[PDB]
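**Student:** Coordinates in target.csv, CSV, C-alpha atoms, are listed below.
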chain,number,residue,atom,x,y,z
A,5,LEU,CA,16.0,-20.9,44.6
A,6,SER,CA,16.9,-22.8,41.4
A,7,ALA,CA,13.4,-24.4,41.2
A,8,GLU,CA,11.6,-21.1,41.6
A,9,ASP,CA,13.7,-19.4,38.8
A,10,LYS,CA,13.2,-22.4,36.5
A,11,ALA,CA,9.5,-22.3,37.1
A,12,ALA,CA,9.4,-18.5,36.6
A,13,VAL,CA,11.4,-18.8,33.3
A,14,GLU,CA,9.1,-21.7,32.1
A,15,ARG,CA,6.0,-19.5,32.7
A,16,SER,CA,7.7,-16.6,31.0
A,17,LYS,CA,8.5,-18.7,28.0
A,18,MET,CA,4.9,-20.1,28.1
A,19,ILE,CA,3.6,-16.5,27.8
A,20,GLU,CA,6.1,-15.9,25.0
A,21,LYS,CA,4.6,-18.6,22.8
A,22,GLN,CA,1.1,-17.2,23.3
A,23,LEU,CA,2.3,-13.7,22.5
A,24,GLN,CA,4.1,-14.9,19.3
A,25,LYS,CA,0.8,-16.5,18.2
A,26,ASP,CA,-1.1,-13.4,19.1
A,27,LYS,CA,1.5,-11.4,17.1
A,28,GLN,CA,0.8,-13.5,14.0
A,29,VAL,CA,-2.9,-12.8,14.1
A,30,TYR,CA,-2.6,-9.1,15.2
A,31,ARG,CA,-0.4,-8.3,12.2
A,32,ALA,CA,-2.6,-10.4,9.9
A,33,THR,CA,-5.7,-8.3,10.4
A,34,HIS,CA,-6.0,-4.6,9.3
A,35,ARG,CA,-7.6,-2.1,11.7
A,36,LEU,CA,-9.9,0.6,10.3
A,37,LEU,CA,-11.7,3.6,11.9
A,38,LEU,CA,-15.1,4.7,10.6
A,39,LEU,CA,-15.9,8.4,11.0
A,40,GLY,CA,-18.6,10.8,10.0
A,41,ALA,CA,-21.6,12.8,11.1
A,42,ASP,CA,-24.9,11.1,11.5
A,43,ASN,CA,-26.3,12.8,8.4
A,44,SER,CA,-24.0,10.5,6.5
A,45,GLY,CA,-25.3,6.9,6.2
A,46,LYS,CA,-22.6,5.3,8.3
A,47,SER,CA,-25.1,2.8,9.8
A,48,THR,CA,-26.2,1.5,6.4
A,49,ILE,CA,-22.6,0.9,5.4
A,50,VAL,CA,-22.2,-1.2,8.6
A,51,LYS,CA,-25.2,-3.4,7.7
A,52,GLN,CA,-23.8,-3.9,4.2
A,53,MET,CA,-20.4,-5.0,5.6
A,54,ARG,CA,-22.1,-7.2,8.1
A,55,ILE,CA,-22.9,-9.6,5.2
A,56,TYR,CA,-19.4,-10.9,5.4
A,57,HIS,CA,-19.9,-12.8,8.6
A,58,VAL,CA,-16.7,-13.8,10.5
A,181,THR,CA,-22.7,3.1,27.9
A,182,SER,CA,-22.5,0.8,24.8
A,183,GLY,CA,-19.2,2.4,23.8
A,184,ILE,CA,-17.2,1.5,20.6
A,185,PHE,CA,-18.4,-1.2,18.3
A,186,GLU,CA,-16.3,-3.5,16.1
A,187,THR,CA,-17.3,-5.2,12.8
A,188,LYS,CA,-15.2,-8.0,11.3
A,189,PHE,CA,-15.4,-8.7,7.6
A,190,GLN,CA,-13.2,-10.8,5.4
A,191,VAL,CA,-12.6,-10.3,1.6
A,192,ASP,CA,-10.0,-12.3,-0.4
A,193,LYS,CA,-8.8,-14.0,2.8
A,194,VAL,CA,-7.7,-10.8,4.6
A,195,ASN,CA,-9.4,-9.7,7.8
A,196,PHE,CA,-10.5,-6.1,8.6
A,197,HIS,CA,-11.6,-4.8,12.0
A,198,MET,CA,-13.7,-1.6,11.6
A,199,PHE,CA,-14.4,0.4,14.7
A,200,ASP,CA,-17.2,3.0,15.1
A,201,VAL,CA,-17.9,5.3,18.1
A,202,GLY,CA,-21.6,5.5,18.7
A,203,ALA,CA,-21.9,6.4,22.4
A,204,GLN,CA,-19.2,9.0,22.8
A,205,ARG,CA,-19.0,12.6,23.8
A,206,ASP,CA,-18.9,15.3,21.2
A,207,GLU,CA,-15.4,16.3,22.2
A,208,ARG,CA,-12.9,14.2,20.2
A,209,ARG,CA,-9.5,15.8,20.6
A,210,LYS,CA,-8.5,13.2,23.2
A,211,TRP,CA,-9.8,9.8,22.2
A,212,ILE,CA,-8.8,10.3,18.6
A,213,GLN,CA,-5.1,10.0,19.5
A,214,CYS,CA,-5.3,6.2,20.2
A,215,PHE,CA,-6.3,5.6,16.6
A,216,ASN,CA,-2.9,6.6,15.2
A,217,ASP,CA,-2.0,2.9,14.4
A,218,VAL,CA,-5.0,2.1,12.3
A,219,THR,CA,-4.5,1.2,8.7
A,220,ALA,CA,-6.9,3.9,7.4
A,221,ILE,CA,-9.8,6.1,8.4
A,222,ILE,CA,-13.0,5.8,6.4
A,223,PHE,CA,-14.6,9.3,6.3
A,224,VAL,CA,-18.2,9.2,5.2
A,225,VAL,CA,-19.7,12.5,3.9
A,226,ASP,CA,-23.4,13.2,3.0
A,227,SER,CA,-22.9,15.1,-0.3
A,228,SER,CA,-26.5,16.1,-0.4
A,229,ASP,CA,-26.7,18.4,2.7
A,230,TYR,CA,-24.9,21.4,1.2
A,231,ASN,CA,-25.6,23.5,4.4
A,232,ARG,CA,-23.8,20.9,6.6
A,233,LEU,CA,-21.1,20.2,3.9
A,234,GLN,CA,-18.8,22.9,5.3
A,235,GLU,CA,-18.9,21.2,8.7
A,236,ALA,CA,-17.7,18.0,7.0
A,237,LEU,CA,-14.9,19.9,5.3
A,238,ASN,CA,-13.8,21.4,8.7
A,239,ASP,CA,-13.9,17.9,10.3
A,240,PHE,CA,-11.8,16.5,7.4
A,241,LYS,CA,-9.4,19.4,7.7
A,242,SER,CA,-8.9,18.7,11.5
A,243,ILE,CA,-8.4,15.0,10.9
A,244,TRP,CA,-6.1,15.5,7.9
A,245,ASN,CA,-3.8,18.1,9.7
A,246,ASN,CA,-3.7,16.4,13.1
A,247,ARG,CA,-0.2,16.1,14.5
A,248,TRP,CA,-0.6,12.4,15.5
A,249,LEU,CA,-2.7,11.4,12.4
A,250,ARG,CA,0.1,12.3,10.0
A,251,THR,CA,0.6,8.9,8.5
A,252,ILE,CA,-3.0,7.5,8.5
A,253,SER,CA,-4.6,7.6,5.0
A,254,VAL,CA,-8.2,8.7,4.7
A,255,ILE,CA,-10.7,6.9,2.5
A,256,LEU,CA,-13.3,9.5,1.6
A,257,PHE,CA,-16.8,8.1,0.9
A,258,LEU,CA,-19.2,10.6,-0.6
A,259,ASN,CA,-22.3,8.6,0.5
A,260,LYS,CA,-25.7,8.5,-1.1
A,261,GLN,CA,-24.9,10.2,-4.4
A,262,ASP,CA,-28.4,9.4,-5.6
A,263,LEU,CA,-30.0,12.0,-3.3
A,264,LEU,CA,-27.4,14.6,-4.5
A,265,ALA,CA,-28.3,13.6,-8.1
A,266,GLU,CA,-32.1,14.0,-7.5
A,267,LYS,CA,-31.7,17.3,-5.8
A,268,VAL,CA,-29.5,18.7,-8.6
A,269,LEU,CA,-32.1,17.7,-11.2
A,270,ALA,CA,-34.9,19.2,-9.1
A,271,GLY,CA,-33.1,22.6,-9.0
A,272,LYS,CA,-35.0,23.9,-6.0
A,273,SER,CA,-31.8,24.3,-4.0
A,274,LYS,CA,-28.8,25.8,-5.7
A,275,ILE,CA,-25.3,24.9,-4.6
A,276,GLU,CA,-24.1,28.3,-5.8
A,277,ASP,CA,-25.5,30.1,-2.8
A,278,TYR,CA,-23.5,28.0,-0.3
A,279,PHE,CA,-20.3,27.9,-2.4
A,280,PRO,CA,-20.0,31.0,-4.5
A,281,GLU,CA,-17.0,29.5,-6.3
A,282,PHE,CA,-19.2,26.9,-7.9
A,283,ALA,CA,-20.2,29.4,-10.5
A,284,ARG,CA,-16.6,29.6,-11.8
A,285,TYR,CA,-16.2,25.8,-11.7
A,286,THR,CA,-15.6,23.6,-14.7
A,287,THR,CA,-15.8,19.8,-14.9
A,288,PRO,CA,-12.3,18.3,-14.8
A,289,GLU,CA,-11.2,16.8,-18.1
A,290,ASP,CA,-9.9,13.7,-16.4
A,291,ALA,CA,-13.4,13.0,-15.0
A,292,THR,CA,-15.2,10.0,-16.4
A,293,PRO,CA,-19.0,10.6,-16.0
A,294,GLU,CA,-21.5,7.9,-16.8
A,295,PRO,CA,-22.9,8.4,-20.3
A,296,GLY,CA,-26.5,8.2,-19.0
A,297,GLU,CA,-26.0,10.7,-16.2
A,298,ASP,CA,-26.8,14.4,-16.3
A,299,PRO,CA,-23.7,16.6,-16.9
A,300,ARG,CA,-25.0,18.8,-14.1
A,301,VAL,CA,-24.8,15.9,-11.6
A,302,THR,CA,-21.2,15.1,-12.4
A,303,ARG,CA,-20.2,18.8,-12.2
A,304,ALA,CA,-21.7,19.1,-8.7
A,305,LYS,CA,-20.3,15.9,-7.3
A,306,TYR,CA,-16.8,16.5,-8.8
A,307,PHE,CA,-16.8,20.0,-7.3
A,308,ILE,CA,-17.4,18.5,-3.9
A,309,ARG,CA,-14.6,16.0,-4.6
A,310,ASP,CA,-12.3,18.9,-5.6
A,311,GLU,CA,-13.1,20.8,-2.5
A,312,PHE,CA,-12.1,17.9,-0.3
A,313,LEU,CA,-9.0,17.2,-2.4
A,314,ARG,CA,-8.0,20.9,-2.0
A,315,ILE,CA,-7.7,20.3,1.7
A,316,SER,CA,-6.0,17.0,1.1
A,317,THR,CA,-3.3,18.6,-1.1
A,318,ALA,CA,-3.0,21.8,0.9
A,319,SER,CA,-0.6,20.1,3.4
A,320,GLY,CA,-0.5,16.4,2.6
A,321,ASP,CA,2.1,15.7,-0.1
A,322,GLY,CA,3.8,12.3,0.4
A,323,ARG,CA,3.4,11.2,4.0
A,324,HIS,CA,-0.3,10.1,3.6
A,325,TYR,CA,-2.8,10.1,0.8
A,326,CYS,CA,-6.6,10.6,0.4
A,327,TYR,CA,-8.6,8.3,-1.9
A,328,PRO,CA,-11.9,9.9,-3.0
A,329,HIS,CA,-14.8,7.6,-3.9
A,330,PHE,CA,-18.5,7.9,-4.9
A,331,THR,CA,-20.5,5.6,-2.6
A,332,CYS,CA,-24.2,4.8,-2.4
A,333,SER,CA,-25.8,3.3,0.8
A,334,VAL,CA,-27.1,0.2,-1.0
A,335,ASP,CA,-24.0,-0.4,-3.1
A,336,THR,CA,-22.2,-3.6,-2.1
A,337,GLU,CA,-18.9,-2.6,-3.7
A,338,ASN,CA,-17.7,-0.7,-0.6
A,339,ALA,CA,-15.8,-3.7,0.7
A,340,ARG,CA,-13.9,-4.1,-2.5
A,341,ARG,CA,-13.0,-0.4,-2.6
A,342,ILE,CA,-11.7,-0.6,1.0
A,343,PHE,CA,-9.7,-3.7,0.2
A,344,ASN,CA,-8.1,-2.0,-2.8
A,345,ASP,CA,-7.4,1.2,-0.8
A,346,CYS,CA,-5.8,-0.8,2.0
A,347,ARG,CA,-3.7,-2.8,-0.5
A,348,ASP,CA,-2.5,0.5,-2.1
A,349,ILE,CA,-1.7,1.9,1.4
A,350,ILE,CA,0.4,-1.1,2.4
A,351,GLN,CA,2.2,-1.2,-0.9
A,352,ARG,CA,3.0,2.5,-0.7
A,353,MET,CA,4.3,2.1,2.9
A,354,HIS,CA,6.5,-0.8,1.8
A,355,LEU,CA,7.9,1.4,-1.0
A,356,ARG,CA,8.5,4.2,1.4
A,357,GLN,CA,10.6,1.8,3.6
A,358,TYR,CA,12.9,1.4,0.6
A,359,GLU,CA,12.9,5.2,-0.1
A,360,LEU,CA,11.4,4.6,-3.6
A,361,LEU,CA,8.3,6.7,-3.3
B,345,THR,CA,34.0,-39.0,-10.5
B,346,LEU,CA,34.5,-38.0,-14.2
B,347,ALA,CA,37.8,-36.2,-14.7
B,348,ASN,CA,39.5,-35.6,-11.4
B,349,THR,CA,42.6,-34.2,-13.1
B,350,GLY,CA,44.8,-31.6,-11.5
B,351,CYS,CA,43.1,-28.5,-10.1
B,352,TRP,CA,39.5,-27.6,-11.0
B,353,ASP,CA,40.9,-24.3,-12.3
B,354,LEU,CA,40.5,-25.7,-15.9
B,355,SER,CA,37.3,-26.6,-17.7
B,356,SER,CA,36.9,-30.1,-19.0
B,357,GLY,CA,33.9,-29.4,-21.1
B,358,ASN,CA,30.2,-28.4,-20.6
B,359,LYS,CA,30.1,-29.5,-16.9
B,360,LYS,CA,30.8,-25.8,-16.0
B,361,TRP,CA,27.2,-25.2,-16.9
B,362,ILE,CA,26.1,-27.1,-13.8
B,363,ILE,CA,27.0,-24.0,-11.8
B,364,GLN,CA,26.9,-21.3,-14.5
B,365,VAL,CA,23.3,-22.0,-15.8
B,366,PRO,CA,21.5,-21.7,-12.4
B,367,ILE,CA,23.3,-18.4,-11.7
B,368,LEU,CA,22.2,-17.0,-15.1
B,369,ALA,CA,18.7,-18.3,-14.6
B,370,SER,CA,18.6,-16.2,-11.4
B,371,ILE,CA,19.6,-13.0,-13.2
B,372,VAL,CA,16.7,-13.1,-15.7
B,373,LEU,CA,14.2,-13.8,-13.0
B,374,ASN,CA,15.5,-11.0,-10.9
B,375,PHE,CA,15.5,-8.7,-14.0
B,376,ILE,CA,11.9,-9.6,-14.7
B,377,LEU,CA,11.0,-8.7,-11.1
B,378,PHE,CA,13.0,-5.5,-11.4
B,379,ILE,CA,10.9,-4.4,-14.4
B,380,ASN,CA,7.7,-5.4,-12.7
B,381,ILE,CA,8.7,-3.4,-9.6
B,382,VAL,CA,9.3,-0.4,-11.8
B,383,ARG,CA,5.8,-0.8,-13.2
B,384,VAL,CA,4.0,-0.4,-9.9
B,385,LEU,CA,6.3,2.6,-9.1
B,386,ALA,CA,5.2,4.2,-12.4
B,387,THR,CA,1.6,3.4,-11.6
B,388,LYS,CA,1.4,4.7,-8.0
B,389,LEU,CA,3.2,7.9,-8.8
B,390,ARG,CA,0.7,8.3,-11.6
B,391,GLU,CA,-2.1,8.0,-9.1
B,392,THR,CA,-0.6,10.8,-6.9
B,393,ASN,CA,0.7,13.1,-9.7
C,1,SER,CA,28.1,-16.6,-19.3
C,2,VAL,CA,29.4,-16.2,-15.8
C,3,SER,CA,32.4,-13.8,-16.0
C,4,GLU,CA,34.4,-14.8,-12.9
C,5,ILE,CA,34.4,-18.5,-13.9
C,6,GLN,CA,35.2,-17.6,-17.5
C,7,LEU,CA,38.1,-15.5,-16.3
C,8,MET,CA,39.3,-18.4,-14.2
C,9,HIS,CA,39.2,-20.8,-17.2
C,10,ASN,CA,41.1,-18.3,-19.3
C,11,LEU,CA,43.8,-17.9,-16.6
C,12,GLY,CA,44.2,-21.7,-16.5
C,13,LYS,CA,44.7,-21.9,-20.2
C,14,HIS,CA,47.1,-18.9,-20.2
C,15,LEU,CA,49.2,-20.3,-17.4
C,16,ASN,CA,49.2,-23.8,-18.8
C,17,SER,CA,50.4,-22.4,-22.2
C,18,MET,CA,53.2,-20.5,-20.4
C,19,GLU,CA,54.4,-23.8,-18.8
C,20,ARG,CA,54.3,-25.5,-22.2
C,21,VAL,CA,56.1,-22.6,-23.8
C,22,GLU,CA,58.7,-22.4,-21.1
C,23,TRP,CA,59.0,-26.2,-21.4
C,24,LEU,CA,59.7,-25.8,-25.1
C,25,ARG,CA,62.2,-23.0,-24.4
C,26,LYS,CA,64.4,-25.1,-22.1
C,27,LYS,CA,64.1,-28.1,-24.5
C,28,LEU,CA,65.3,-25.7,-27.3
C,29,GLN,CA,68.4,-24.8,-25.2
C,30,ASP,CA,69.1,-28.5,-24.3
C,31,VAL,CA,69.1,-29.6,-28.0
C,32,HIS,CA,71.2,-26.6,-28.9
C,33,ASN,CA,73.6,-27.7,-26.2
C,34,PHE,CA,73.5,-31.4,-27.4
Can you dump the structure from the file as structure tokens?

**Tutor:**
Amino acid sequence: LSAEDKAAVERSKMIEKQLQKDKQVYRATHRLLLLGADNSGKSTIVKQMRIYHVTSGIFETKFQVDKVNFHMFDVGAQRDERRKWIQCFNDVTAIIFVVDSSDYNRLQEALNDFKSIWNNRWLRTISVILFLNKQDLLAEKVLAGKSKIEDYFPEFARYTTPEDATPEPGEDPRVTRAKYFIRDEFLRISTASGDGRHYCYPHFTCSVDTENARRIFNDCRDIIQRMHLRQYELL
Amino acid sequence: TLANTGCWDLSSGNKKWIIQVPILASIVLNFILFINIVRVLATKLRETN
Amino acid sequence: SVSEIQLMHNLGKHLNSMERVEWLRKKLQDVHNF
């Protein structure tokens, strides 16, 4: 009797020490979910973040910047339906939503997908990092002028470049007007319901740009800091 | 080991600064942190209007 | 300065003065009764 209980307790305490160590590492790393249609260059981003070395189903990529670990998960071999397996991702630090800004015709589908993610009952606290990928293709298309964004979005005719926008001096004013209109459209969905519980961080991303990791790190730092402030009822 | 006279209710000189100075040193440091914390609050709210 | 300690020191001086003053008062009566 006494020997068995002592052995059982000793084993239980042995498991406890392992769990405490696992708790330290689990809290240390930040989990991220990568989402987007295939028209978006999600794969290229994965290769870029693979530089930071640390039936198929979900895949995980581990990258470290400034001595903090991220685990980015992507769903490659999964069914189109996503109303069920998206619920288990309610504890991730953030969701990286990649959008191909140069499709126009498929842009509305991205808006609807963002709308569903943003307004989900269970994803009410997970911030969304919006990456408008491959802006170079959008810039080239705008200069070419063969395809006019006005046809797909009639509002674009009555759109004016935001005063707070900071375009590059050497970039066509047409390009910035187009890209910022796309940013405004996404932010309209973001601000329609989301007020203070979770936030969206728009970004202009290129497939070859290596700055994506730094943007994610900064976005994660802001999210954690905002969460800590909310715990004190300061923000 | 220096005065040991009556109760310690009275002050025998500058030795009170042994306890007073560290307490005051804490207030300024906390005050500096308080201003710094207000700074990030003014920054984040600026980022979300 | 630290207020609570400062108040404590002031109280000690105030009470000590009262003991001295009351000491003077009874000495005044004793000499008057000499």

**Student:** Please list as an MDAnalysis selection string every residue within 12 Å of residue A:202, counting all atoms listed in the file and excluding residues in the same chain fewer than 6 positions away.

**Tutor:** chainID A and resid 38:42 46:47 181:186

**Student:** Please tabulate, as JSON lines, the residues of chain B that come within 9 Å of chain C, each with its closest pair of atoms and the distance in Å to one decimal, counting all atoms listed in the file and ordering rows by chain, then residue number upward.

**Tutor:**
{"residue": "B:353", "atom": "CA", "partner": "C:12", "partner_atom": "CA", "distance": 5.9}
{"residue": "B:354", "atom": "CA", "partner": "C:9", "partner_atom": "CA", "distance": 5.2}
{"residue": "B:355", "atom": "CA", "partner": "C:9", "partner_atom": "CA", "distance": 6.1}
{"residue": "B:360", "atom": "CA", "partner": "C:5", "partner_atom": "CA", "distance": 8.4}
{"residue": "B:361", "atom": "CA", "partner": "C:1", "partner_atom": "CA", "distance": 9.0}
{"residue": "B:364", "atom": "CA", "partner": "C:2", "partner_atom": "CA", "distance": 5.8}
{"residue": "B:365", "atom": "CA", "partner": "C:1", "partner_atom": "CA", "distance": 8.0}
{"residue": "B:367", "atom": "CA", "partner": "C:2", "partner_atom": "CA", "distance": 7.7}
{"residue": "B:368", "atom": "CA", "partner": "C:1", "partner_atom": "CA", "distance": 7.3}

**Student:** From the list A:281, A:346, A:330, A:325, which residue is nearest chain B when using only C-alpha atoms?

**Tutor:** A:325

**Student:** Got a sec to pull out which chain A residues are within 9 Å of chain B, counting all atoms listed in the file, and send them as JSON, numbers by chain?

**Tutor:** {"A": [321, 322, 325, 348, 352, 355, 360, 361]}

**Student:** List the spatial neighbours of stretch 189-195 of chain A as a list in words - criterion: any atom at most 10 Å away, only C-alpha atoms, same-chain residues fewer than 6 positions off excluded.

**Tutor:**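 After dropping sequence-adjacent residues, the list is residues 29, 32, 33, 34, 35, 53, 54, 55, 56, 57, 58, 339, 340, 342 and 343 of chain A.
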
**Student:** Atom CA of residue A:273 to atom CA of residue A:230: how many Å, to one decimal?

**Tutor:**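 So the answer is 9.1 Å.
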